[PDB]
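Scroll down for the structure; my scribbles are underneath it.
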Amino acid sequence: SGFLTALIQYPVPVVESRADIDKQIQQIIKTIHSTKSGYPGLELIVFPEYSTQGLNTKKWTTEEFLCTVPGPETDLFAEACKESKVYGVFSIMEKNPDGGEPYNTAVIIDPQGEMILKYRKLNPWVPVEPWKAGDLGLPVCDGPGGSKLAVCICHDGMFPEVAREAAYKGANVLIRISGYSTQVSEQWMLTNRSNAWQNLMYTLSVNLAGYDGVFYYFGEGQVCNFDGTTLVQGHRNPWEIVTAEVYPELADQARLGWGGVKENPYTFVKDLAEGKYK
Amino acid sequence: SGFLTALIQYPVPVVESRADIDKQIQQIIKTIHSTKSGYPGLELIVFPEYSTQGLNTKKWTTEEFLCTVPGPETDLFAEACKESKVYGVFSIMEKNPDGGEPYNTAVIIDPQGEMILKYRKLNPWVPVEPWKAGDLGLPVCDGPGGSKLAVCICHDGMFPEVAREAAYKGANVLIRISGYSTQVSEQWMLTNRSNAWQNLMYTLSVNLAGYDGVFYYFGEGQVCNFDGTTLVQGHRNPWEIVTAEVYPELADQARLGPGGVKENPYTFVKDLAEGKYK
Amino acid sequence: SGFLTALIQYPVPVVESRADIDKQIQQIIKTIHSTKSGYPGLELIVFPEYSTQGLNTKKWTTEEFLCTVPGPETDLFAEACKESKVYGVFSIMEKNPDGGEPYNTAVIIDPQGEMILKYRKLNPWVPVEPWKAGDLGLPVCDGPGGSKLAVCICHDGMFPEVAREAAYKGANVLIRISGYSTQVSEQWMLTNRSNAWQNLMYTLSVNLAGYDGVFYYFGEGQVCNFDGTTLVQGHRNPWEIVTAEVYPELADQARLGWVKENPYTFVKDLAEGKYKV
Amino acid sequence: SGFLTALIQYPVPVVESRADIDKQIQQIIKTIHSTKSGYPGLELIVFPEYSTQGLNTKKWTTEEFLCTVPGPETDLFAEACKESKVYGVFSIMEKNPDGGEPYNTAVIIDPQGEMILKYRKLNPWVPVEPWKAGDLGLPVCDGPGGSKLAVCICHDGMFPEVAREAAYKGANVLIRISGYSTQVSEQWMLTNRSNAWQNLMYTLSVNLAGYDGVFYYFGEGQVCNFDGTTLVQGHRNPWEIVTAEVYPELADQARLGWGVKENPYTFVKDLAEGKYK
Amino acid sequence: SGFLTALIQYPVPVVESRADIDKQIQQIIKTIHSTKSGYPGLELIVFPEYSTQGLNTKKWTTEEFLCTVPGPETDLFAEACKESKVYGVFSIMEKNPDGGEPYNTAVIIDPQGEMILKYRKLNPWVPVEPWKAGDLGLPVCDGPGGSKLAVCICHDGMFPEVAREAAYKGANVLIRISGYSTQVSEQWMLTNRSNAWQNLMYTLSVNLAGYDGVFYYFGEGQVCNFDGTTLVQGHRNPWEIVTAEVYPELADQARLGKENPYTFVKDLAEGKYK
Amino acid sequence: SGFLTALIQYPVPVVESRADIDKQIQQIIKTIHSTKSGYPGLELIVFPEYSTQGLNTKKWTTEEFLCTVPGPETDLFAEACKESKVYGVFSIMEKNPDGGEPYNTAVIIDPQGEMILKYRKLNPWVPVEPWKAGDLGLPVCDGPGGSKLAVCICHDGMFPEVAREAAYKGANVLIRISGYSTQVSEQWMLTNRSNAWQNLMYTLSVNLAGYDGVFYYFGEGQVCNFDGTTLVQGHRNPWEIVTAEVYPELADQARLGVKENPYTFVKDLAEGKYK
């Protein structure tokens, strides 16, 4: 009635060209196979944001640094997931099909190699990040062990509206892939717990780890129960594997087990819904 | 450039008649004066939910157990705040002016004895609570030391929309008065920090303390910085006084520290604004 | 697939006569009803060691301070468990039927008022405790929500052999009722966690709380999951109620996910009744 | 009236041949000398399980990946311990003299170069590990500063029977060497504390650290006093050195300072008889 | 080679007359006897600041609220220490022998009823306290289990100079009796550990506990090793008893195993600290 | 009304020649520009003790391993601070101009390339380290965001007299650069908090990180507010950047909001009579 997940504190890539991107793809694929062989019960492996292409702010919007989703790169992730019989969560900076600014995209591929979820980062900064605000909403898919999976990216997890939307659409597991520097390590751990408790929802969250010559990324893979309690917490080392058994049915039971005023008392909800938030 | 606050882990009242309510009123007033005498720099004293009338679930909706707001009881609180020259936050189970179900209400009195804020609990802690959902929204007032104050009540603080609404209306300090049992102590501490960080806002929160024959209320007064860090934390003893210096203009400065996508991507935000959150 | 438990950090009784014992019985009975009223899903309520009779070391072996198990006192506990439809765990200093030193005894009563488990402390906290070492082994019974319950008492939980015996007999939930002073608060939390992990077992543990004129009892009700993680932790105040939902099937499932000869001389010696440091 | 110990969070070896083993041996030798040079008072240096030969699960039972104990490899460890005048704890996967499945072995060498303790892992986890269960019991030797040393390996420390056996045979310091992945970091710290408290015994424990291409080993060298309190705790970085002063006579005094002999535990009887079902 | 100590998180007295002071004396003496009976190996029992007279700021400098040290009140403390064969640490607001402002005083009585240490608070918690700055320096006495004991009071433990002076005079155990409100609980724990580590010294510290109508006193008895590690930590409940075994010769062993560059040391020594 | 600082858990250098020292210099300079690039608001970057020359105890007193301060090496640091417009804290083992034993020295350089503070370690730990006891007292300089900066080195922070001296001379921010092994990680964190609280002062403290073949240096950059509370805490990984906003004016405000000495140790210490 549960499933095993592995969160990879993937070493922050230093990417200077497409050749480095191909190297990251091969390393990710090797990590899928090796982690499954080490954890035979594994069913969900999670890689952090920017694990495929890095954070080269001088080049990360050039054609060389962008991919299509799906594309040859996700096809390779999908073949690996199909051979290891795991769900996989991956990060791809996506070329905008309409020619505009690219997207910050995450995907879930199931043990049959099919892409069952594509999400575009809703909340880019946008001081440092150039990505276009996601336009696919916050999707939810069926995962292992009776899970309803949703993915959010980096800053998305700081907005309570993101985790709220995931659970509202049926998710009982929220996956968060990030590429944060050590500056928000504390706030990272805090919102992972509150995102879980406020929605009676598991949170699986992992960040890049190590030093890329500018920032140190804190890693700190984190699994939180649906009561907001952290079950397992990784440290700040590259290649730490944070594993945990997750029982999505208990989250569902809590929501079912635990005529009312339907009107909205919050001005910010009205302004936000109508695009007048200021 | 800041102000000193005191959070009172008031002993849970055991109330069987109006006479017991009168005893709580005089005890609350005595606490205002004595706490000011002990902390001469004090400017904001905060009492928990149900500190005036208790939680006698068999009589707490009877006319004898309810008050009008304002009324004789808040007038006495007002005279005390005026004599001690402090802002005070008080809990009153309020008779419904139209004879319906009563309100769970909080008020802020200023050092002049004027009632500057009246709030009615937006999210009654169903199903054990019979209070009508508040109809005054979430107000904000000016407080000491350049603060913009907002109050919420108990269950309110579990909804990130509440703290979001307070900050959206200009509050840089959120006050949370509570009458929780020990069962949500962890979740209490968690949300008081997330409410602070997510909105770059101070949170001052305190609960009743002690045993009323049914529940043990955990007290645990808590002050959180606008980065989500807990500054001061009380334990579970009755009459613990949690004090802290708060600097509202640092929260303002942090908040101030093309144009942005205005479209709403959250279906729950639309449905809630439409009164159809389901 | 789980059940709700409430651990009562009962105030340490100050008892100087049988009327004071009767007083504790009434408060305990009333706590059963009130806690069920507050937590309508409650199925297991746990009271600490000595919660019925206190720790009057100058009188606690006199006949006035002892009870029979079962007896009129447990009958009153049983009626309350029936009326509130809960399992209850209670402490009784038991008169020795042969007139010897009394037993330190714990019982579990089910929602129909039947005593489904009787246990006598195996490891009296020597040299300050006068109780005879228990002679009933470590029994296990069926409980709420698919649980297999075992109870141990105070010093028992410091011996890993106790938690090991409970699991070996099928228990997936170990209950520990205690009347420790503040001196062993840290070791109390440590062993409650290791007792859970080493046996893939839930541990529900609660101690007396408050001051009786000699010791301060630390309370600190504690629920640990089968991986040794503390789920809920009370502080040291009298009347703190520590609640938690427990899922015994998850422990069972964890156990089903997993030489013959003995390498331990201490196991051989103990089995032979010759354990000697 | 104590001694200084150093726990080496040795980087997990990636071993594909005997040449890679030889490099671990040299690196271990180098670490003995360098650590003594940095900590002149050092008397006990501890290396984790698999620090000599790694965890190449495809080759770790081949003749190339095995050693005799004692053999040329332990003689090199012995020369280094003798030159640096320290006690050393080492891990060697041992060729079975009978033939058959090899052993997971740990040895202690004294400052004179003599092998004073040889232990074969008693609980070698059959699903993943091919090692034959140890057949030398749980030995104890004299150590520095009046210590009585015992060693256990990895999974051994999860069984409270192991720490109990060490203390029963007189050990006042239990050394634990392991090669765990990050999955049991919490349970590792928990059992290291309970092993100490339950037996009024110091525990010195250290794991491999770093990533071998499959698992991340958490390192986290840990010293616990005889009350169960963690005195020093390492993090998860390779090459972290966890040092502490240990006072074995304090554990002896606690046992000296601070009855029914029959066995009430059915699991003790069954295990002693090889009937543990 | 050690001794057992008990720190009493004594309930804050509310005192309106000298009869109420006699009530606290009564209660303190009973606590001495009961704690010893419960902990037969006990050798050092510590009571917090103001445990005898409370903090009635309207009356605590009136003659009715003050005692002589020694006097009839410490005589009763002494007889109890002799009857239970323990060292005891007590707090007395002391009448100034010259009629000036009273002292905030602490004493140690040995198991023979002899007062072996008298100390007056050097750093009155200004501006809320009216006590005269102590004029007896920081004395050190012989204690149980090979200990060299020193006592400091409340605000004293915030100044690293106090703990340094204790160790400089040879103390290997610093006792800190306090009557703080909850406002400085964190800083209380911090300095108890730093006082210990910086001087390779045990610290035994305890505060009043409970509510007196104005402040809540946090209790939180604390024992720290000479490496700065907290060995035992009480919570905030009245009557919590924090016990620990202490090994003074291990601190001695750790310690065993010129010009001044600090202007503040110069100015302080010169009495010109500005 | 504050400023942003960055503490570099700089990897412990393994130095065997002058060439390696120059490699550390270039690496430190690169880290200045890259850190400023990532944290545009940065105003104070701090590097640990021995970050320039390592801890080769068999060569760290020879002429090749020593520099003059100011010297060509400070000039390169000063230039880098000027291009990035940051305050920089650097460690340099200084050649004693009197020919005696060398000094263990720390300097502060402002965003204009001016060396505004020079400090020589006061408590060099005689058994292991060879450096002469500092003879410049404990200086204090003006820093960013209204800060009054002081620097101390390694063992200095274990003596409460050091933090007190800084505050007494006006410092509201004490900087601590260190090259400790893991053995005193706990005591390191403890004294950084007490140093802060006892003097109503911020403490900014960072250590080397990683393994040099003898010791593991714990890094663990730490910022403590003037109430003794740790605001940010790094772990033990090389190259962790510990950042924090610091508000010196609130330490000043907290400080604004019988005179004879009762301590025999103060008297003896002041007179050189301390024993």
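The analysis underlying the following values was restricted to heavy atoms, covering all of them including side chains, and did not include hydrogens, waters or symmetry mates. Chain letters run A, B, ... following the sequence lines, proteins first, then strands; residues in each count from 1.
The most heavy-atom pairs under 4.5 Å with chain A, out of B:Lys270, B:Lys169, B:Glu186, come from B:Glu186. Of all the listed residues (A:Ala163, A:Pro265, A:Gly137, A:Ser194), the one sharing the greatest number of non-hydrogen pairs under 4.5 Å with chain B is A:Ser194. By number of non-hydrogen pairs under 4.5 angstrom with chain B, the leading residue of A:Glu165, A:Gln187, A:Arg193, A:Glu274 is A:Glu165. No other option in A:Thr267, A:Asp227, A:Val162, A:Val261 has as many heavy-atom pairs under 4.5 Å with chain B as A:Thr267. Counting heavy-atom pairs closer than 4.5 Å to chain B, the top-ranked of the candidates A:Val269, A:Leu190, A:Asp135, A:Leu138 is A:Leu190. Between chain A and the options B:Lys132, B:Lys278, B:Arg164, B:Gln198, the largest number of non-hydrogen pairs under 4.5 Å is found for B:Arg164.
Only the side chain of A:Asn123 has a heavy atom closer than 4.5 Å to any heavy atom of chain B. Only the backbone of A:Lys276 comes within contact range of chain B, with at least one heavy atom under 4.5 Å from a heavy atom of that chain.
Not counting sequence neighbours, A:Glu245 has no partner by the salt bridge (charged side-chain N to carboxylate O under 4.0 Å, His left out) test.
Looking only at distances, a side-chain donor or acceptor of B:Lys262 sits under 3.5 Å from a matching main-chain atom of A:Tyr277.
In this structure, A:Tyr266 has its ring center at least 6.0 angstrom away from the ring center of B:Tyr168.
For B:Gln253, the CD atom is densely surrounded, since the number of other residues' heavy atoms within 6.0 Å is greater than 12. Remark: A:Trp125 CH2 is loosely packed, at most 12 non-hydrogen atoms of other residues, nucleotides or ligands lying under 6.0 Å away.
The heavy-atom pair separating A:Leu272 from B:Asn264 by the smallest distance is O-CB, 3.4 Å.
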